[PDB]
Amino acid sequence: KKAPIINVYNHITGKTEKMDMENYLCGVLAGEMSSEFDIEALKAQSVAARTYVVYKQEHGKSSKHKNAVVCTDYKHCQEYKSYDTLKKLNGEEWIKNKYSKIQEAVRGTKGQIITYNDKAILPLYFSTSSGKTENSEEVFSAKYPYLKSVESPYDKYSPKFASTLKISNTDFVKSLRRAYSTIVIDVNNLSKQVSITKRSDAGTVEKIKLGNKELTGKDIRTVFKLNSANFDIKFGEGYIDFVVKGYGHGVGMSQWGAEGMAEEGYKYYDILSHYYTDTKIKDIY
Ligand SMILES: [Cl-]
Ligand code: NA
Ligand code: NA
Ligand SMILES: [Zn+2]
């Protein structure tokens with residue numbers, strides 16, 4: 001068959017528009033992964049992005065956009081940069097010499113999706129892991145046979161592998177009180193009141209105690225704008241330091257891991273079968 005025409009919801013304008021699968025996917029790669037990544041990582045990424053649309057088509061419509069299979073909000077579906085936007089911000093030379101690589105990666109995987117028992121998977125992906133990916137159930141609510149923790153030994157080379165953020169004790173309590181009106185916490189005794197309660201083997205903080213409150217690592221990531229929910233806290237004199245590992249949710253495919261694998265000679269099928277446990281590739285058209 002031919003490549004489908006899909007409905008894409010523009011989260012800024014509120015208008016839904018028809019797009020050829022290929023054009024949509026090029027916009028997703030431009031937004032998710034740079035044209036500087038290896039072609040095999042870009043191919044892996046294109047298959048994941050295509051699979052996401054197919055999965056969405058085969059499952060329940062969302063309330064955010066019931067009349068569109070996907071939207072342009074990276075917080076809900078996946079990133080998307082339009083051609084006009086890319087041309088205006090990067091220029092014609094970038095379109096002809098760099099965006100062409102993105103176009104070739106997408107065309108190069110025409111109609112290919114990742115499958116588990118012959119059905120499109122939920123192909124979660126993120127920037128950089130802590131060295132191991134996360135099982136879906138330690139981050140999200142459900143377990144999926146293809147979203148299992150795997151080693152990701154090349155993520156250590158990512159510029160987002162490690163990060164640190166210093167916050168004054170005063171700003172730390174002020175920020176928490178603003179987000180949680182019931183919190184009882186003392187600016188002068190933070191090291192005695194704040195402690196990690198539950199975390200996965202990969203490292204995502206599931207439960208953290210802050211005075212009388214229990215929050216998730218994701219809650220903390222959100223309040224303090226951290227790169228991930230995998231962190232540790234150092235208590236200083238008058239301040240705390242968040243020491244953060246990786247970037248993103250940690251489930252499914254690591255983008256920097258795919259890049260590292262590509263550099264080592266792995267091809268996109270092997271990258272995909274590594275991150276998505278017991279999966280195959282299917283050409284639907
Ligand atoms: Cl990236
Ligand atoms: Na194909
Ligand atoms: Na940030
Ligand atoms: Zn969406």
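If you read the sequence from its start, that first residue is 1, and numbering goes on from there. The basis for the numbers below is simple: all heavy atoms, side chains too, and nothing from hydrogens, waters or symmetry mates.
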Return yes if a side-chain donor-acceptor contact under 3.5 Å exists between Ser129 and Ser254, otherwise no.
no
- Any donor-acceptor pair under 3.5 Å linking the side chain of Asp73 with the backbone of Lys75? yes
| query | For the side chain of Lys209 and the backbone of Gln193, is there at least one donor-acceptor N/O pair under 3.5 Å apart? | reply | yes
Between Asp84 and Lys87, does a salt bridge (charged side-chain N to carboxylate O under 4.0 Å, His left out) hold up when you go through it step by step? CA-CA 5 Å; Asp84 290 350; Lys87 184 181 173 188; over 6 Å; no
Show every donor-acceptor pair shorter than 3.5 Å between a side-chain atom in residues 214-225 and any protein atom, with sequence neighbours excluded, or say none if there are none.
residue : atom : partner : partner atom : Å
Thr216  : OG1  : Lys218  : N            : 3.4
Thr216  : OG1  : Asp219  : N            : 3.0
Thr216  : OG1  : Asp219  : OD2          : 3.3
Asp219  : OD2  : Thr216  : N            : 3.0
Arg221  : NE   : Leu226  : O            : 3.1
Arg221  : NE   : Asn227  : O            : 3.4
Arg221  : NH2  : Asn227  : O            : 3.3
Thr222  : OG1  : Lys218  : O            : 3.0

- Please tell me if the side chains of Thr115 and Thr279 come closer than 4.5 Å, counting only heavy atoms from C-beta onward. no
Q.
Show, in sequence, the C-alpha distance, side-chain angles and deciding distance for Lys143 and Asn135, and conclude whether the side chain to side chain contact (heavy atoms under 4.5 Å, CB included) test is met.
A. CA-CA 7 Å; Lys143 183 179 290 180; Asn135 297 303; over 6 Å; no
* Please check if any side-chain donor atom of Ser152 sits under 3.5 Å from a side-chain acceptor atom of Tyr275, or the reverse. => yes
Discussion item. Working note: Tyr146 + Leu122, criterion side chain to side chain contact (heavy atoms under 4.5 Å, CB included); need CA distance, chi angles, decisive distance, verdict.
Written reply: CA-CA 9 Å; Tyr146 49 83; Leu122 175 61; 3.5 Å; yes
A side-chain contact here means heavy atoms from C-beta on lying under 4.5 Å apart; do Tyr285 and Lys2 qualify? no
Taken in chain and number order and not counting sequence neighbours, the residues that satisfy ring pair (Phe, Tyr, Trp, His ring centres under 6.0 Å) with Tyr80 are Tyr24
### Heavy-atom donor-acceptor pair, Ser136 side chain to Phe140 backbone, under 3.5 Å
no
For this session: Look at the side-chain heavy atoms of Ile, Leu, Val, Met, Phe, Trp and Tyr, link any pair under 4.5 Å apart, and say whether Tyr157 and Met33 land in one connected group.
Result: yes
On a heavy-atom basis, the closest approach of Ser149 and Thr133 is OG-O, 2.6 Å
Taken to the nearest 0.5 Å, the spacing of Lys207 NZ from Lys198 NZ works out to 6.0 Å
Taking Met19 as the starting point, is it possible to reach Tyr74 by hopping between hydrophobic residues whose side chains are less than 4.5 Å apart?
no
Does the side chain of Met261 come within less than 4.5 Å of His274's, by heavy atoms? yes
* Quick one: does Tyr83's side chain get under 4.5 Å of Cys26's, heavy atoms only? -> no
Heavy atoms of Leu25 and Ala49 approach each other most closely as CD2-C, 3.5 Å
ask   = Checking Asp155 side chain against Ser130 main chain: does a donor-acceptor pair fall under 3.5 Å?
value = no
Applying side chain to side chain donor-acceptor pair (under 3.5 Å) to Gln45 and not counting sequence neighbours gives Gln255
For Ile284 and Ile113 the tightest heavy-atom approach is CG2-CD1, 3.9 Å
Is atom NZ of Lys174 surrounded by more than 12 heavy atoms (other residues, nucleotides or ligands) closer than 6.0 Å?
-> yes
- Message: If we ignore hydrogens and angles and just use 3.5 Å, is the side chain of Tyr276 paired with the main-chain N or O of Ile271 as donor and acceptor?
- Response: no
Could you pull out all donor-acceptor pairs under 3.5 Å where a side-chain atom in residues 230-250 meets a protein atom, sequence neighbours excluded?
residue : atom : partner : partner atom : Å
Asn230  : OD1  : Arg199  : NH1          : 3.4
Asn230  : ND2  : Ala202  : O            : 3.1
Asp232  : OD1  : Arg199  : NH2          : 2.5
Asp241  : OD1  : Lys166  : NZ           : 2.8
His249  : ND1  : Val251  : N            : 3.1
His249  : NE2  : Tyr125  : O            : 3.2

Interatomic distance, NE2@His11 vs OG1@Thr13, rounded to 0.5 Å, equals 9.5 Å
dist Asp201:CG -> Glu134:CD (nearest 0.5 Å) comes out at 9.0 Å
*Verify, without hydrogens or angle tests, whether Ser175 (side chain) and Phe172 (backbone) share a donor-acceptor contact under 3.5 angstrom.*
no
Of all heavy-atom pairs linking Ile121 and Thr51, the shortest is O-CG2, 3.3 Å
Should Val70 and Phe126 be counted in the same cluster of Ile, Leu, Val, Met, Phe, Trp and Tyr side chains packed under 4.5 Å apart? no
| message | Are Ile281 and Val150 linked, directly or through intermediate hydrophobic residues, by side-chain heavy-atom contacts shorter than 4.5 Å (ILVMFWY only)? | response | yes
- prompt: Side chains of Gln112 and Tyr268: is there a donor and an acceptor less than 3.5 Å apart?
  reply: yes
Taking every heavy atom of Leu29 against every heavy atom of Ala105, the minimum-distance pair comes out as CD2-CB, 4.3 Å
Does a sphere of radius 6.0 Å around OH in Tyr99 hold more than 12 heavy atoms from other residues, nucleotides or ligands, not counting ones at 6.0 Å or beyond?
yes
I'd like to know whether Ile208 forms a side chain to side chain contact (heavy atoms under 4.5 Å, CB included) with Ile196, so could you lay out the CA-CA distance, the side-chain angles of the two residues, the decisive distance to 0.1 Å, and finally the verdict.
CA-CA 4 Å; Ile208 174 173; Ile196 295 168; 4.2 Å; yes
Here the salt bridge (charged side-chain N to carboxylate O under 4.0 Å, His left out) pairs for residues 18-46, sequence neighbours left out, are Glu22-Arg107, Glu36-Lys98
Is the count of non-hydrogen atoms from other residues, nucleotides or ligands lying under 6.0 Å from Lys101 atom NZ greater than 12? yes
Assess whether a salt bridge exists between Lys267 and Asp270, defined as any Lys/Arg side-chain N lying under 4.0 Å from an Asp/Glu carboxylate O. no
Could you tell me how the ring of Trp256 sits relative to the ring of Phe37: parallel (under 30°), tilted (30 to 60°) or perpendicular (over 60°)? perpendicular
Test item: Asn189 side-chain N/O and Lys192 main-chain N/O as donor-acceptor pair under 3.5 Å = no
Treat each ILVMFWY residue as a node, draw an edge where side-chain heavy atoms are under 4.5 Å apart, and state whether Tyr9 and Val28 are in one component. no
| task | Kindly indicate whether the side chain of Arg50, heavy atoms from C-beta on, has any atom under 4.5 Å from the side chain of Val106. | result | yes
For this session: Would you sort out whether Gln78 and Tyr52 count as a side chain to side chain contact (heavy atoms under 4.5 Å, CB included), showing the intermediate values?
Result: CA-CA 9 Å; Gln78 45 193 3; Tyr52 188 87; 3.8 Å; yes
Rounded to the nearest 0.5 angstrom, the CG-CH2 distance for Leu86 and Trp94 is 4.5 Å
**OP:** Answer yes or no: is there a donor N or O on one side and an acceptor on the other, between the side chain of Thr128 and the main chain of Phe161, under 3.5 Å?
**Re:** no
Between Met253 and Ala258 the two heavy atoms that sit nearest each other are SD-CB, 4.4 Å
Show me the donor-acceptor pairs, under 3.5 Å and distance only, between side chains in residues 58-69 and residues at least two apart or in other chains.
residue : atom : partner : partner atom : Å
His59   : ND1  : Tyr55   : O            : 2.9
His65   : ND1  : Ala68   : O            : 2.8

CD1 (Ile5) and CE (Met21) are apart, to the nearest 0.5 Å, by 9.5 Å
Between the CD atom in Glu79 and the OG1 atom in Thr72, the distance rounded to the nearest 0.5 Å is 8.0 Å
